[PDB]
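Numbered by the authors' numbering, the letters in the sequence shown go through residues 22 to 84 in order.
Even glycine gets a Cβ: it sits at the ideal position worked out from N, Cα and C.
A quick write-up on the structure given underneath.
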Amino acid sequence: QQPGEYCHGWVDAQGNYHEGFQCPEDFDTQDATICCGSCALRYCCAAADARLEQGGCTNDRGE
Numbered sequence: 022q023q024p025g026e027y028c029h030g031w032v033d034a035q036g037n038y039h040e041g042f043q044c045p046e047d048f049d050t051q052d053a054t055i056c057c058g059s060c061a062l063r064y065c066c067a068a069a070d071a072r073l074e075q076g077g078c079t080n081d082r083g084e
């Protein structure tokens, strides 16, 4: 069973840092294995069409 994605920590458009987290989070549904959303608002979800390609985000420490 493949592990869920990780939402890396980021800073939002209001300048606030959000810590990263492994998907699904403890009180997420078990199918919420994808880091979804936008670079400024990342969250675990189950829908491939909502996946965030985090490698392209600029507002995190990642390559």
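Taking C-alpha atoms, which residue in the options lies nearest to residue i?
i, options, result
"residue 55", "83, 28, 37 and 34", "28"
"residue 70", "39, 59 and 79", "59"
"residue 63", "41, 79, 77 and 47", "41"
"residue 24", "43, 35, 39 and 72", "43"
Cutting at 7 angstroms between CB atoms, please list the residues of its own chain near residue i, excluding the five before and the five after it.
i, result
"residue 51", "45"
Between which two residues does the beta strand (DSSP E) holding residue i run?
i, result
"residue 82", "Run containing residue 82: none; DSSP gives neither H nor E here."
"residue 56", "55-59"
Just to confirm my understanding: we take residue i, look at its own chain, exclude 5 residues before and 5 after, and list those with CB closer than 8 angstroms. What are they?
i, result
"residue 81", "29, 30, 31, 32, 60 and 75"
"residue 57", "63, 64, 65, 66, 68, 71, 72 and 73"
I'd like to check one pair, residue j with residue i: are the Cβ atoms closer than 7 angstroms?
i, j, result
"residue 53", "residue 68", "no"
"residue 47", "residue 65", "no"
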